[PDB]
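Notes follow the structure.
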Amino acid sequence: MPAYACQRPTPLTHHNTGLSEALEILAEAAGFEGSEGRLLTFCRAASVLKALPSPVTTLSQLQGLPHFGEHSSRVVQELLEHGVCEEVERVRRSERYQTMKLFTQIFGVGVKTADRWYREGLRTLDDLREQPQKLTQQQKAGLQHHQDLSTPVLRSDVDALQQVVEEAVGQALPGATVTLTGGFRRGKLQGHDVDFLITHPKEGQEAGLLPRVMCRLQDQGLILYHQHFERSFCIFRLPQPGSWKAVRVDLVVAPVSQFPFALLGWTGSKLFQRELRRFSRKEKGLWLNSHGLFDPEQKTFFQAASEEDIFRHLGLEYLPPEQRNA
DNA sequence: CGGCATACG
DNA sequence: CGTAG
DNA sequence: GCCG
Ligand SMILES: [Mn+2]
Ligand SMILES: [Mn+2]
Ligand code: NA
Ligand code: NA
(Lines give C-alpha, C1' and ligand atoms only; values in the text may rest on other atoms or scores of the structure.)
(Ligands and ions follow the chains in the order given, each with its own letter.)
Protein backbone atom coordinates (compact mmCIF):
# COMPACT_ATOMS: atom_id res chain seq x y z
CA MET A 1 0.00 0.00 0.00
CA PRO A 2 1.69 3.29 -1.10
CA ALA A 3 1.71 6.21 1.38
CA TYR A 4 0.07 8.89 -0.80
CA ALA A 5 -3.58 8.65 -1.94
CA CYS A 6 -2.62 9.73 -5.48
CA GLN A 7 -0.50 6.57 -5.83
CA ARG A 8 -3.40 4.10 -5.45
CA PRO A 9 -6.85 3.65 -7.05
CA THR A 10 -9.66 4.57 -4.71
CA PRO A 11 -13.09 3.54 -5.97
CA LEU A 12 -16.32 5.30 -4.98
CA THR A 13 -17.71 2.17 -3.33
CA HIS A 14 -15.52 -0.23 -1.41
CA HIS A 15 -15.20 -2.97 1.24
CA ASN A 16 -14.62 -1.04 4.48
CA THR A 17 -17.40 1.52 4.49
CA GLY A 18 -18.20 1.34 8.23
CA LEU A 19 -14.54 1.63 9.27
CA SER A 20 -13.69 4.51 6.89
CA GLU A 21 -16.88 6.38 8.08
CA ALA A 22 -15.95 6.13 11.76
CA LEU A 23 -12.47 7.49 11.04
CA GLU A 24 -14.04 10.31 9.02
CA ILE A 25 -16.18 11.31 12.03
CA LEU A 26 -12.94 11.74 14.04
CA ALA A 27 -11.38 13.69 11.13
CA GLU A 28 -14.37 16.02 10.98
CA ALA A 29 -14.30 16.57 14.77
CA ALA A 30 -10.57 17.37 14.66
CA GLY A 31 -11.33 19.98 11.98
CA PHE A 32 -14.00 21.50 14.23
CA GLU A 33 -11.33 22.02 16.94
CA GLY A 34 -8.81 23.54 14.46
CA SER A 35 -6.56 20.46 14.41
CA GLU A 36 -5.74 20.18 10.70
CA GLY A 37 -2.91 17.69 11.32
CA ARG A 38 -5.17 15.20 13.11
CA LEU A 39 -7.91 15.75 10.46
CA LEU A 40 -5.41 14.87 7.75
CA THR A 41 -4.23 11.70 9.44
CA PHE A 42 -7.77 10.41 10.12
CA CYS A 43 -8.75 11.28 6.53
CA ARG A 44 -5.68 9.48 5.15
CA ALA A 45 -6.30 6.42 7.32
CA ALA A 46 -9.92 6.33 6.18
CA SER A 47 -8.78 6.59 2.54
CA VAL A 48 -6.33 3.72 2.96
CA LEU A 49 -9.30 1.53 3.97
CA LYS A 50 -11.25 2.65 0.89
CA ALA A 51 -8.32 1.44 -1.27
CA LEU A 52 -8.16 -2.09 0.19
CA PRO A 53 -9.31 -4.96 -2.04
CA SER A 54 -11.44 -6.63 0.68
CA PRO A 55 -12.85 -6.11 4.20
CA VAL A 56 -10.60 -5.74 7.22
CA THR A 57 -11.71 -8.55 9.58
CA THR A 58 -8.75 -8.71 12.02
CA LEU A 59 -6.45 -6.18 13.67
CA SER A 60 -3.34 -7.82 12.17
CA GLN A 61 -4.42 -6.77 8.66
CA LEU A 62 -3.63 -3.14 9.64
CA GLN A 63 0.06 -3.99 10.24
CA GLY A 64 2.24 -2.27 7.64
CA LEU A 65 -0.58 -0.01 6.37
CA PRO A 66 0.38 3.65 6.14
CA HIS A 67 -1.34 6.17 8.45
CA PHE A 68 -2.41 3.51 10.98
CA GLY A 69 -0.82 4.12 14.39
CA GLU A 70 -2.05 3.61 17.95
CA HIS A 71 -5.16 5.80 17.69
CA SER A 72 -6.60 4.78 14.29
CA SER A 73 -5.81 1.13 15.06
CA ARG A 74 -7.67 1.25 18.39
CA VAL A 75 -10.72 2.74 16.65
CA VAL A 76 -10.77 -0.14 14.15
CA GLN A 77 -10.10 -2.71 16.93
CA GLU A 78 -13.15 -1.53 18.89
CA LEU A 79 -15.32 -1.56 15.76
CA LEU A 80 -14.17 -5.12 14.87
CA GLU A 81 -14.78 -6.36 18.45
CA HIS A 82 -17.93 -4.53 19.54
CA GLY A 83 -19.40 -3.05 16.31
CA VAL A 84 -19.07 0.42 17.86
CA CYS A 85 -16.20 2.74 18.93
CA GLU A 86 -16.93 4.61 22.13
CA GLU A 87 -14.88 7.67 21.15
CA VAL A 88 -16.74 7.93 17.83
CA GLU A 89 -20.13 7.61 19.55
CA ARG A 90 -19.21 10.24 22.14
CA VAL A 91 -18.35 12.66 19.29
CA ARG A 92 -21.57 11.84 17.36
CA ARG A 93 -23.68 12.55 20.45
CA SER A 94 -21.87 15.73 21.51
CA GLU A 95 -23.61 19.11 21.40
CA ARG A 96 -20.37 20.65 20.08
CA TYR A 97 -20.08 18.24 17.13
CA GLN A 98 -23.76 18.37 16.21
CA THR A 99 -23.89 22.19 16.27
CA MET A 100 -20.58 22.73 14.45
CA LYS A 101 -21.76 20.26 11.82
CA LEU A 102 -25.08 22.12 11.46
CA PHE A 103 -23.46 25.55 11.28
CA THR A 104 -20.51 24.65 8.98
CA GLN A 105 -22.98 23.02 6.56
CA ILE A 106 -24.50 26.47 5.91
CA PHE A 107 -23.23 28.11 2.73
CA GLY A 108 -21.25 31.20 3.92
CA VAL A 109 -20.28 29.72 7.32
CA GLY A 110 -16.86 28.15 7.95
CA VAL A 111 -15.33 26.58 11.06
CA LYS A 112 -14.28 29.97 12.54
CA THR A 113 -17.76 31.53 12.19
CA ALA A 114 -19.49 28.35 13.48
CA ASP A 115 -17.12 28.22 16.48
CA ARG A 116 -17.70 31.89 17.43
CA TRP A 117 -21.47 31.41 17.17
CA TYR A 118 -21.14 28.26 19.32
CA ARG A 119 -19.22 30.22 21.98
CA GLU A 120 -21.95 32.94 21.88
CA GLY A 121 -24.48 30.23 22.86
CA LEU A 122 -26.19 29.84 19.46
CA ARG A 123 -27.33 26.29 18.64
CA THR A 124 -30.08 26.19 15.96
CA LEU A 125 -30.82 27.62 12.52
CA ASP A 126 -33.70 29.64 14.04
CA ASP A 127 -31.20 31.19 16.54
CA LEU A 128 -29.37 32.58 13.48
CA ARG A 129 -32.62 33.72 11.80
CA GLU A 130 -33.66 35.58 15.00
CA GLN A 131 -30.52 37.81 14.74
CA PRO A 132 -30.26 38.36 10.95
CA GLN A 133 -28.45 41.74 11.25
CA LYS A 134 -25.25 39.78 12.04
CA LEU A 135 -25.41 37.67 8.82
CA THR A 136 -23.54 38.34 5.58
CA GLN A 137 -25.57 38.40 2.34
CA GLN A 138 -23.99 35.01 1.49
CA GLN A 139 -24.98 33.57 4.90
CA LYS A 140 -28.49 34.98 4.49
CA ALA A 141 -28.73 33.15 1.17
CA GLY A 142 -27.28 29.98 2.68
CA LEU A 143 -29.81 30.10 5.50
CA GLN A 144 -32.86 30.95 3.31
CA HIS A 145 -32.00 28.10 0.97
CA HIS A 146 -30.63 25.70 3.58
CA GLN A 147 -33.43 23.13 3.28
CA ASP A 148 -33.19 22.81 -0.51
CA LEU A 149 -29.37 22.79 -0.30
CA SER A 150 -29.61 19.80 2.11
CA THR A 151 -31.60 17.76 -0.46
CA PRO A 152 -29.51 15.54 -2.72
CA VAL A 153 -28.92 16.64 -6.30
CA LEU A 154 -29.60 13.78 -8.78
CA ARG A 155 -28.00 13.00 -12.16
CA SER A 156 -31.23 14.08 -13.95
CA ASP A 157 -30.87 17.47 -12.22
CA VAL A 158 -27.27 17.70 -13.45
CA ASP A 159 -28.25 17.05 -17.09
CA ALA A 160 -30.98 19.70 -16.83
CA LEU A 161 -28.48 22.22 -15.38
CA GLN A 162 -25.80 21.49 -17.97
CA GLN A 163 -28.22 22.29 -20.80
CA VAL A 164 -29.12 25.70 -19.31
CA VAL A 165 -25.47 26.57 -18.62
CA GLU A 166 -24.51 25.58 -22.17
CA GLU A 167 -27.21 27.87 -23.62
CA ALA A 168 -25.95 30.87 -21.66
CA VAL A 169 -22.32 29.98 -22.44
CA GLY A 170 -23.08 29.62 -26.17
CA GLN A 171 -24.48 33.18 -26.25
CA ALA A 172 -21.70 34.56 -24.09
CA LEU A 173 -19.04 33.05 -26.36
CA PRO A 174 -19.73 30.78 -29.35
CA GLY A 175 -17.43 27.75 -29.34
CA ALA A 176 -16.99 27.73 -25.53
CA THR A 177 -17.41 24.34 -23.89
CA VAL A 178 -18.88 23.19 -20.60
CA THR A 179 -17.42 20.18 -18.76
CA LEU A 180 -19.04 18.49 -15.73
CA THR A 181 -16.47 18.16 -12.93
CA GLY A 182 -16.53 17.46 -9.16
CA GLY A 183 -18.11 14.39 -7.60
CA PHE A 184 -20.38 13.66 -10.56
CA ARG A 185 -17.34 13.27 -12.84
CA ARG A 186 -15.95 10.76 -10.25
CA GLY A 187 -19.12 8.70 -10.78
CA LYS A 188 -21.31 9.77 -7.87
CA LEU A 189 -25.01 9.28 -8.58
CA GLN A 190 -25.99 12.05 -6.19
CA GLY A 191 -24.37 15.16 -4.78
CA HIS A 192 -24.99 18.34 -2.84
CA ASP A 193 -23.81 20.65 -5.59
CA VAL A 194 -22.88 20.71 -9.30
CA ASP A 195 -19.55 21.85 -10.74
CA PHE A 196 -18.76 23.03 -14.27
CA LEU A 197 -15.55 23.98 -16.01
CA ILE A 198 -15.76 26.29 -19.03
CA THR A 199 -13.08 27.01 -21.62
CA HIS A 200 -12.65 27.85 -25.31
CA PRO A 201 -10.28 26.14 -27.85
CA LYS A 202 -8.67 29.50 -28.85
CA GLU A 203 -6.34 30.62 -26.02
CA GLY A 204 -7.38 34.01 -24.69
CA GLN A 205 -10.96 33.95 -26.00
CA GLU A 206 -12.17 32.89 -22.54
CA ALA A 207 -10.97 36.21 -21.04
CA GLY A 208 -13.95 38.05 -19.48
CA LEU A 209 -16.32 35.15 -20.09
CA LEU A 210 -17.69 34.49 -16.62
CA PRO A 211 -19.43 37.89 -16.13
CA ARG A 212 -21.08 37.44 -19.51
CA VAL A 213 -22.31 33.99 -18.57
CA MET A 214 -23.59 35.18 -15.17
CA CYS A 215 -25.53 38.16 -16.60
CA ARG A 216 -27.25 35.88 -19.13
CA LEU A 217 -28.19 33.31 -16.49
CA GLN A 218 -29.46 36.25 -14.36
CA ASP A 219 -31.63 37.55 -17.23
CA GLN A 220 -33.12 34.04 -17.65
CA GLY A 221 -34.34 34.24 -14.00
CA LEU A 222 -32.14 31.27 -13.00
CA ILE A 223 -29.88 32.82 -10.38
CA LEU A 224 -31.25 32.90 -6.86
CA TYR A 225 -27.85 34.03 -5.48
CA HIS A 226 -24.42 35.03 -6.89
CA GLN A 227 -21.44 37.06 -5.56
CA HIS A 228 -21.07 39.55 -8.46
CA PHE A 229 -13.08 36.83 -12.23
CA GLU A 230 -12.94 33.06 -12.83
CA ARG A 231 -14.96 31.20 -10.14
CA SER A 232 -18.66 31.83 -9.40
CA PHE A 233 -20.35 30.12 -6.42
CA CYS A 234 -24.08 30.37 -7.22
CA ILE A 235 -27.48 29.14 -6.15
CA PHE A 236 -29.52 28.21 -9.20
CA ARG A 237 -33.20 27.86 -9.63
CA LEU A 238 -33.80 24.29 -10.88
CA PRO A 239 -37.18 23.22 -12.42
CA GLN A 240 -39.09 20.50 -10.51
CA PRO A 241 -42.57 18.95 -11.07
CA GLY A 242 -44.89 22.00 -10.82
CA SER A 243 -42.26 23.96 -8.90
CA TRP A 244 -38.45 24.20 -8.46
CA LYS A 245 -35.63 23.87 -5.97
CA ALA A 246 -32.50 25.79 -5.11
CA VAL A 247 -29.21 24.08 -6.14
CA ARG A 248 -25.59 25.04 -5.47
CA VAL A 249 -23.68 25.40 -8.78
CA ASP A 250 -20.04 26.34 -9.24
CA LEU A 251 -18.93 27.82 -12.55
CA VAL A 252 -15.24 28.02 -13.31
CA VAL A 253 -13.42 29.43 -16.34
CA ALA A 254 -9.87 28.47 -17.43
CA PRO A 255 -7.83 29.13 -20.58
CA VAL A 256 -7.34 26.00 -22.66
CA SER A 257 -3.61 25.98 -21.69
CA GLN A 258 -4.69 25.52 -18.05
CA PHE A 259 -7.75 23.33 -18.69
CA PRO A 260 -6.11 19.97 -17.82
CA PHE A 261 -4.91 21.34 -14.48
CA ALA A 262 -8.26 22.96 -13.73
CA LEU A 263 -10.05 19.74 -14.71
CA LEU A 264 -7.75 17.71 -12.43
CA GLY A 265 -8.23 20.05 -9.47
CA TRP A 266 -11.97 20.49 -9.85
CA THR A 267 -12.53 16.73 -10.29
CA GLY A 268 -11.08 15.99 -6.88
CA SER A 269 -11.57 14.43 -4.45
CA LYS A 270 -10.38 17.13 -1.99
CA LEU A 271 -8.06 14.61 -0.29
CA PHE A 272 -6.82 13.34 -3.65
CA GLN A 273 -5.83 16.89 -4.68
CA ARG A 274 -4.09 17.67 -1.36
CA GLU A 275 -2.22 14.38 -1.61
CA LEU A 276 -1.32 14.97 -5.25
CA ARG A 277 0.04 18.46 -4.50
CA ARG A 278 1.90 17.13 -1.45
CA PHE A 279 3.38 14.36 -3.57
CA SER A 280 4.35 16.74 -6.34
CA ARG A 281 6.21 19.11 -3.98
CA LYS A 282 7.77 16.63 -1.54
CA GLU A 283 8.61 13.71 -3.83
CA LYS A 284 9.17 15.49 -7.19
CA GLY A 285 10.13 19.07 -6.24
CA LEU A 286 7.37 20.50 -8.48
CA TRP A 287 4.62 22.92 -7.39
CA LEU A 288 1.10 21.93 -8.46
CA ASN A 289 -2.15 23.88 -8.44
CA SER A 290 -5.29 24.14 -10.61
CA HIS A 291 -3.47 26.52 -13.04
CA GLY A 292 -0.25 24.60 -13.68
CA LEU A 293 2.78 22.63 -12.58
CA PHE A 294 5.94 24.65 -11.91
CA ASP A 295 9.57 23.54 -11.80
CA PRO A 296 11.14 26.06 -9.38
CA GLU A 297 14.71 25.05 -10.50
CA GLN A 298 14.23 25.71 -14.24
CA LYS A 299 11.56 28.36 -13.47
CA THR A 300 9.32 26.76 -16.10
CA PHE A 301 5.73 25.54 -16.34
CA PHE A 302 4.88 22.10 -17.72
CA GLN A 303 2.58 22.37 -20.75
CA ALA A 304 -0.07 19.70 -20.39
CA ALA A 305 -2.59 18.75 -23.05
CA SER A 306 -4.43 16.22 -20.84
CA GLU A 307 -4.78 14.83 -17.33
CA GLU A 308 -2.77 11.86 -18.64
CA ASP A 309 0.13 14.29 -19.34
CA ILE A 310 0.03 15.54 -15.75
CA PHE A 311 0.17 12.08 -14.15
CA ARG A 312 3.06 11.21 -16.52
CA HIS A 313 5.03 14.35 -15.60
CA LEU A 314 4.66 13.46 -11.91
CA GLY A 315 5.74 9.81 -12.53
CA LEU A 316 2.37 8.45 -11.33
CA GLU A 317 0.28 5.77 -12.97
CA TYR A 318 -2.83 7.30 -14.52
CA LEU A 319 -6.04 7.15 -12.45
CA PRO A 320 -9.36 7.86 -14.13
CA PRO A 321 -11.78 10.11 -12.18
CA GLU A 322 -13.75 7.18 -10.75
CA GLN A 323 -10.51 5.98 -9.01
CA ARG A 324 -9.79 9.38 -7.39
CA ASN A 325 -12.40 8.98 -4.64
CA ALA A 326 -9.83 9.28 -1.85
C1' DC B 1 11.10 17.49 15.39
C1' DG B 2 8.39 20.07 11.19
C1' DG B 3 5.02 19.38 8.03
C1' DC B 4 0.53 18.80 6.82
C1' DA B 5 -2.17 22.00 -0.68
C1' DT B 6 -2.97 25.87 -2.71
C1' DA B 7 -5.62 28.55 -4.88
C1' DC B 8 -9.83 32.60 -5.87
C1' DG B 9 -14.20 35.84 -4.14
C1' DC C 1 -13.51 35.87 6.59
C1' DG C 2 -15.84 32.88 2.86
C1' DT C 3 -15.43 29.50 -1.27
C1' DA C 4 -13.32 25.30 -4.24
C1' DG C 5 -11.45 20.57 -5.32
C1' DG D 1 -2.07 11.71 14.33
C1' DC D 2 1.13 10.10 11.84
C1' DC D 3 5.52 9.99 8.64
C1' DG D 4 9.99 10.56 7.22
MN1 LIG E 1 -18.92 19.49 -6.01
MN1 LIG F 1 -19.18 22.80 -5.95
NA1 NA G 1 -20.19 26.28 5.08
NA1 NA H 1 -6.51 32.42 -12.76
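Chain naming here is simple, since letters A, B, ... match the order of the sequence lines and numbering starts at 1 in each. Whatever order the structure lists them in is the order used to number ligands and atoms, beginning at 1.
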ask   = Has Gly110(A) got an N/O/S atom less than 3.0 Å from the Na ion (ligand 3)?
value = no
N/O/S atom of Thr104(A) inside 3.0 Å of the Na ion (ligand 3), strictly under = yes
Donor-acceptor pair between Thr267(A) and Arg185(A) side chains, under 3.5 angstrom = yes
message = Under a plain distance cut-off of 3.5 Å, with no hydrogens placed, do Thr199(A) and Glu206(A) share a side-chain donor-acceptor pair?
response = no
query = Any donor-acceptor pair under 3.5 Å linking the side chain of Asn16(A) with the backbone of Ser54(A)?
reply = yes
query = Regarding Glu283(A) and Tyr4(A), is there a side-chain donor-to-acceptor distance under 3.5 Å anywhere?
reply = yes
message = Could you check whether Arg248(A) makes a cation-pi contact with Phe233(A), meaning its NZ or CZ is under 6.0 Å from the centre of the six-membered ring and within 45° of the ring axis?
response = no
task = Taking atom types as modelled, find out whether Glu308(A) and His313(A) have a side-chain donor-acceptor pair closer than 3.5 angstrom.
result = no
task = Please list, in chain and residue-number order, the protein N/O/S atoms closer than 2.8 Å to the Mn ion (ligand 2).
result = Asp193(A) OD2, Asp195(A) OD1, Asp250(A) OD2
message = Distance check below 3.0 Å: does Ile106(A) bring an N, O or S atom to the Na ion (ligand 3)?
response = yes
key: Donor-acceptor side-chain pairing of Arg8(A) and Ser47(A) below 3.5 angstrom   = yes
